[PDB]
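These notes concern the structure reproduced below.
There are 2 protein chains.
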Amino acid sequence: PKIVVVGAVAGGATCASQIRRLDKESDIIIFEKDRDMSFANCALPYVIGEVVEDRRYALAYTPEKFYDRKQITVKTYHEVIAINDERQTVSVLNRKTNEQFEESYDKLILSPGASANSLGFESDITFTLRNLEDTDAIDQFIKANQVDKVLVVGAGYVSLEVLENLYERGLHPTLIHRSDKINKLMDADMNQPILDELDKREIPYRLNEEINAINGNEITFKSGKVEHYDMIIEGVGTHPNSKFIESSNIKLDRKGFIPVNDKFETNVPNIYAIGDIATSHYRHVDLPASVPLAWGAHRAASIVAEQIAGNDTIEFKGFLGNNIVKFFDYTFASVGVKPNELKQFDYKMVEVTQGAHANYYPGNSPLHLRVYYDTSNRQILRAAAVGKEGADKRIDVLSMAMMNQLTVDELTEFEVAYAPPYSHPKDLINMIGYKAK
Amino acid sequence: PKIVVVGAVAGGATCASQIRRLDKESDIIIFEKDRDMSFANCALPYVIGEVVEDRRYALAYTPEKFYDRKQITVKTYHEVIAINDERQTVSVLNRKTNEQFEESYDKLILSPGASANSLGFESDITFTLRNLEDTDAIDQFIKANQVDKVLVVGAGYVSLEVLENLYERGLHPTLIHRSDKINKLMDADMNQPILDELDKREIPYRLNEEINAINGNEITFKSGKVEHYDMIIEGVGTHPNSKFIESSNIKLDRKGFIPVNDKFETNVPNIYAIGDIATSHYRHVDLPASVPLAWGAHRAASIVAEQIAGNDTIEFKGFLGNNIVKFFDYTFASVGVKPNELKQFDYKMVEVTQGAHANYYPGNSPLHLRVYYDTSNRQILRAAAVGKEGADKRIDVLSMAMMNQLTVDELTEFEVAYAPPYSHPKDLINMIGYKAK
Ligand SMILES: *[C@H](CCNC(=O)CCNC(=O)[C@H](O)C(C)(C)COP(=O)(O)OP(=O)(O)OC[C@H]1O[C@@H](n2cnc3c(N)ncnc32)[C@H](O)[C@@H]1OP(=O)(O)O)CS(C)(=O)=O
Ligand SMILES: *[C@H](CCNC(=O)CCNC(=O)[C@H](O)C(C)(C)COP(=O)(O)OP(=O)(O)OC[C@H]1O[C@@H](n2cnc3c(N)ncnc32)[C@H](O)[C@@H]1OP(=O)(O)O)CS(C)(=O)=O
Ligand SMILES: Cc1cc2nc3c(=O)[nH]c(=O)nc-3n(C[C@H](O)[C@H](O)[C@H](O)COP(=O)(O)OP(=O)(O)OC[C@H]3O[C@@H](n4cnc5c(N)ncnc54)[C@H](O)[C@@H]3O)c2cc1C
Ligand SMILES: Cc1cc2nc3c(=O)[nH]c(=O)nc-3n(C[C@H](O)[C@H](O)[C@H](O)COP(=O)(O)OP(=O)(O)OC[C@H]3O[C@@H](n4cnc5c(N)ncnc54)[C@H](O)[C@@H]3O)c2cc1C
Ligand SMILES: [Cl-]
Ligand SMILES: [Cl-]
Ligand SMILES: [Cl-]
Ligand SMILES: [Cl-]
Ligand SMILES: [Cl-]
Ligand SMILES: [Cl-]
Ligand SMILES: [Cl-]
Ligand SMILES: [Cl-]
Ligand SMILES: [Mg+2]
Ligand SMILES: [Mg+2]
Ligand SMILES: [Mg+2]
Ligand SMILES: [Mg+2]
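Just so you know, the protein sequences line up as chains B and A, in that order. Taken in order, the first sequence gives residues 2 to 438; the numbers are from the authors' numbering. Taken in order, the second sequence gives residues 2 to 438; the numbers are from the authors' numbering.
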């Protein structure tokens, strides 16, 4: 079949690559509205912090390399502006010529993702971070203006990683957030170490704070405070790139996302949707789920590839919502339903705080593990872990447990790999099980 | 019930404590043949290494504290010398006075564990390591004799830990082993980094080598080599402490262990056996298993506590044999059937070698993960992982998978916690699933 793909990054380029792996004869074309395909979204803050300095890490492919290795045609600076589903074409705008045209397809795959929100100030010193063009612009503004002092707005993983990286680059960031609900994928009371790490390094922050006015480098805040900053990075949420889809017969939800089935089909024949734009359901509970992260994009890419050119018995089973972020010395990880989704269940909570490993083994740090479960069937609903060591391991194990519909009580049976540098004879995970009794 | 426990460490002290949690009325007495209860067997190599300098870390309780806090009576230097199972008493030797006596019981719990084998040489410079008394003796011997050259015999995980610690203490160890099967819970080819770390540090080793004769500090070897050593630490395997049991009606296997059911009952009513002395079966395949490690001792202790004083529908479901050791910069972990046990199955092997985390993120290292599956049902039989980073995490996740008899193909669905310091959007575990076709 002729295959058209919208977006050439996490979902799009992966899906197209996976299809080629299976089908060597279908013609495949990808339209990407911006300059680069296959950029490393998740590497971006580390590029800014000069942790990553080889561009070969920031960008996996050029369209030329992509064609030469995989025979996939990628048109950058081409923005799809409409989907004409009844005639099986998309309308595409060549941004270089400002000429538009129709491209036909047998199968269409939508992976446009999402864009960064902006606060909307008229400001030459304010930037968002979503792609490599953004990253290049920030790096350039920093150098050309000898930036020292940077204001970071927002407190999600993107803003937190940018802050840490700006600090390590040798700059002087300040963090503000409109409320005190930082890092909201994590249980609110488990985020204290973020503030501790800031304090330890004498990095200023103000919560319940906003930009009120901007005049050159003079920044006036809601609190009444006035300071001067050389630069601002806004990380104040995202929104779905689905405007171009609204005129079509494709069903969108009221927030602009695309509900899909377990084959990542939309309501329209021959049209699939994957990545941040797509919504689905949880694997372990009968609720809708939207998990705009890397894992879901890659997994859907593979499933769509099988559907089109491989084994169409292969279907999605739902999300668990596993997620993680590093902030300075600490790791923050969670899986399962979001904090706000718990109220839909009659649940209880159990928790343990314990050294990640043997106390007498040097380098210990306490690890807080919390697990929520359903009282009506003992099923695990959510888990969260925070500590300098061992949090990722604990959450991945609980992710596998939930995949298998394990009960909280069954966690006593988890046979951990134990030696002093790694865990305990009754691991934190085991202790969750004993304490639920 | 009146409860008598034999052995006061991993199984015995733990089981007694777990019983008290549930039962505040019953009289509980533990007999321990040596000086110390509740020593940290696992910490002992690190004591020798002076990594653990403070004894509070090597000893968790005294009989006196155990009584004040738990109202359990612990009699040290008291060796149980016979089980009078028909009258329900045990014979006990007070080693201080050399007088014996009978102690009655309603329930008897046997956790006597295992003793170190010895090569049988007459030598004042040779030591084994099994308890805190052994540790104090080794430490004292090194100080008293200004030991520099040390011969470490055996390449089990304990001996490797001892070697590493002697090295970090400033001593100069040499490793020998009677065969080339070092660290034998791990795939043989995956043990190479042990030998790499030794080579890197100019720590001598000789495999397929044995002691021929000892003449003072002069050691004659099977190879014909003769060298001078100030000290010898032999780690040449263990034997079960079951001599005191043979006269009773308790069924022993031919190696001296006690087969038990999933309630950890012996063939004799009211007698339980746990810890290194007991044998059981695997959880994921129908084979007999013996897994003489900490997790099993602690798990059995809880189950026996529930049987006696709690919910007696709680039963063991078998072992997976999860195990791990650290040796210098590398981690070595495996789970499932032993290498020698694979031949009872029609099996295939899948493997990946990939960065533990994102390539661009610093301090990355190659992680080798290998998975064996049964061709008749796609079920995972065994997994192994070796590397400086991430091996413990992958093996724990796979232990949780096997607990659920998950197939190799379903690893494709494992929802990992992804950010650049931790893994990949398609983790090594997912990759095993994709490569299984
Ligand atoms: C933060 C956000 C995540 N963002 C991204 O991932 C965006 C950038 N990514 C992309 O554009 C694509 O995902 C690329 C093109 C980089 C990767 O495509 P694929 O995942 O299809 O893998 P690839 O074709 O590059 O193959 C390399 C490696 O994978 C093996 N392989 C892939 N699939 C399979 C299957 N299904 N079965 C067996 N093996 C498979 C393949 O063999 C391969 O080894 P080799 O290529 O042989 O040497 C995260 S971020 C971006 O890191 O910042
Ligand atoms: C290597 C080799 C393994 N060796 C050993 O284990 C050495 C010998 N061990 C022992 O003697 C026992 O395990 C001791 C006595 C050390 C521990 O007794 P147990 O009951 O585990 O533990 P304890 O009573 O001390 O409780 C402490 C902690 O856990 C909670 N807890 C225990 N059981 C339960 C249950 N069933 N349910 C809920 N909670 C339980 C307990 O309340 C207490 O918590 P807090 O800290 O106040 O929360 C290894 S090594 C390390 O070198 O020895
Ligand atoms: C800074 C940053 C850090 C992140 N870190 C993590 C992390 O640590 N862990 C994690 O799991 N996730 C992380 N993510 C999220 C992860 O990158 C996304 O979940 C993933 O990229 C989603 O893939 P996607 O294809 O749906 O969207 P994208 O990868 O963003 O790709 C969408 C592409 O479609 C293009 N497009 C949109 N509309 C059109 C159109 N009309 N025509 C043509 N092209 C169009 C866009 O230009 C864009 O290039 C991070 C994201 C960012 C921005
Ligand atoms: C140096 C070392 C390091 C280790 N490291 C690890 C590790 O990293 N990870 C891991 O999982 N496992 C490790 N282990 C193994 C772990 O310690 C054992 O699996 C665990 O202790 C088994 O507990 P047990 O109660 O059966 O025996 P033990 O803990 O050894 O206790 C048995 C006790 O019973 C006493 N006893 C025996 N006979 C009698 C009798 N007749 N009368 C009275 N008392 C008696 C003994 O003196 C002994 O104190 C290590 C062991 C050692 C020795
Ligand atoms: Cl091209
Ligand atoms: Cl054209
Ligand atoms: Cl056309
Ligand atoms: Cl808010
Ligand atoms: Cl369900
Ligand atoms: Cl006494
Ligand atoms: Cl005396
Ligand atoms: Cl680490
Ligand atoms: Mg640079
Ligand atoms: Mg139209
Ligand atoms: Mg000391
Ligand atoms: Mg199944």
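Backbone N, C-alpha and C define an ideal beta-carbon position, used for all residues, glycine too.
Q.
Is B/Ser400 close to chain A? Criterion is C-beta to C-beta, closer than 7 Å.
A. yes
Q. Considering only the beta carbon of each residue, do B/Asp231 and B/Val148 sit closer than 7 Å?
A. Yes.
Q: Could you tell me whether the Cβ of A/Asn323 comes closer than 7 Å to any Cβ of chain B?
A: With 7 Å as the cut-off, A/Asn323 counts as an interface residue toward chain B.
Q: Decide yes or no for the touch test of the stretch 125 to 142 of chain B against the stretch 291 to 309 of chain B: beta carbon pairs closer than 8 Å, at least 3 of them.
A: Segment contact: the stretch 125 to 142 of chain B against the stretch 291 to 309 of chain B, fewer than three CB-CB distances shorter than 8 Å; contact not assigned.
Q: Identify the contact partners of B/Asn405 in chain A, using a Cβ-Cβ distance below 7 Å as the criterion.
A: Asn405 and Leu407
**Q.** Under 9 Å from the C-beta of B/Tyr373: neighbouring residues of chain A
**A.** Going along chain A, no residue has its Cβ under 9 Å from B/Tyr373, so there is no contact; the nearest lies around 17 Å.
Q. Quick one: is A/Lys144 buried, meaning 16 or more other Cβ sit within 10 Å of its Cβ, or exposed?
A. Around the C-beta of A/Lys144, fewer than 16 other C-beta atoms lie within 10 Å, and the residue is accordingly described as exposed.
Q: Tell me whether A/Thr314 sits in a helix, a strand or coil according to DSSP, three-state version.
A: Here A/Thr314 sits in coil by DSSP.
Q) Across which residues does DSSP place A/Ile4 in a beta bridge pair? A) Paired residues: A/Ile29 and A/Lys108.
**Q.** Three-state secondary structure (DSSP) of B/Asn85
**A.** Here B/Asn85 sits in strand by DSSP.
Q: Identify whether A/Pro421 lies in helix, strand or coil by the three-state DSSP scheme.
A: coil
Q. Does any C-beta atom of chain A lie closer than 7 Å to the C-beta of B/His299?
A. yes
Q.
Looking at the secondary structure, which residues open and close the alpha helix (DSSP H) in which B/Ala359 lies?
A. Counting along the chain, B/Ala359 falls outside any alpha helix (DSSP H), and DSSP gives it neither H nor E.
Q) Would you say B/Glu416 faces chain A, with C-beta separation under 7 Å as the test? A) yes
Q | Contact list for the stretch 347 to 376 of chain A against chain B, Cβ threshold 8 Å | A | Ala359, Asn360, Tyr361, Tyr362 and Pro363
**Q.** Burial state of B/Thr354 (16 or more Cβ within 10 Å)
**A.** Around the CB of B/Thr354, fewer than 16 other CB atoms lie within 10 Å, so the residue is classed as exposed.
(Q) So, at 6 Å on beta carbons, what are the nonlocal neighbours of B/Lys76 in its own chain, with the 5 sequence-adjacent residues on each side left out? (A) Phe32
(Q) Can you tell me whether B/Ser248 is helix, strand or coil according to DSSP? (A) coil
Q) Anyone know if the C-beta pair for A/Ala357 and A/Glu390 falls short of 7 Å? A) yes
**Q.** Alpha-carbon to alpha-carbon, A/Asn323 and A/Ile396
**A.** 8 Å
Q. What do you reckon, are the CB atoms on A/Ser92 and A/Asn242 nearer than 7 Å?
A. no
Q. Do three or more CB pairs link the stretch 5 to 23 of chain A to the stretch 274 to 281 of chain A at distances below 8 Å?
A. yes
Q.
The beta strand (DSSP E) that contains A/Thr221, what's its start and end?
A. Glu219 to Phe222
Q: Could you please give the first and the last residue of the uninterrupted beta strand (DSSP E) stretch that includes B/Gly388?
A: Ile381 to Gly388
**Q.** Candidates B/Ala156, B/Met350, B/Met403 and B/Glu65: closest to B/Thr239 by CA position
**A.** B/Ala156
Q | Anticipated Cβ contact below 8 Å, B/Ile220 with B/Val153, distance rounded | A | B/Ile220 to B/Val153, Cβ: 12 Å. No contact.
**Q.** Contact between the stretch 63 to 73 of chain A and the stretch 37 to 50 of chain A (3+ Cβ pairs under 8 Å)
**A.** yes
Q.
Below 7 Å on C-beta distance, what does B/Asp397 contact in chain A?
A. Using a Cβ-Cβ cut-off of 7 Å, B/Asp397 is close to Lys394, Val398, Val417 and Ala418 of chain A, given in chain order.
Q. What residues does ligand 15 have around it, judged by CB closer than 5 Å to any heavy atom, in chain order?
A. Spelled out in chain order, the answer is A/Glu51 and A/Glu54.
**Q.** Residues from the stretch 35 to 46 of chain A in contact with chain B, defined by Cβ distance under 8 Å
**A.** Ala41, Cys43 and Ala44
Q) Does the count of Cβ pairs from the stretch 119 to 128 of chain A and the stretch 277 to 287 of chain A closer than 8 Å reach three? A) no
Q: Return the residue from the list A/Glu411, A/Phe329, A/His229 and A/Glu87 that minimises the CA-CA distance to A/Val387.
A: Taking only the C-alpha atoms, the option nearest A/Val387 is A/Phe329.
Q.
DSSP three-state label for A/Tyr62, please.
A. coil
Q) Are there 16 or more other CB atoms within 10 angstroms of the CB of B/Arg255, so buried, or fewer, so exposed? A) By the 16-neighbour rule on beta-carbons within 10 angstroms, B/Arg255 is exposed.
Q) So, is the C-beta of A/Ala334 closer than 7 Å to a C-beta in chain B? A) Chain B contact via Cβ: present.
Q.
Assuming A/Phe333 is part of the alpha helix (DSSP H), what are its boundary residues?
A. Run containing A/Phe333: none in the alpha helix (DSSP H); it sits in the beta strand (DSSP E), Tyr331 to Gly337.
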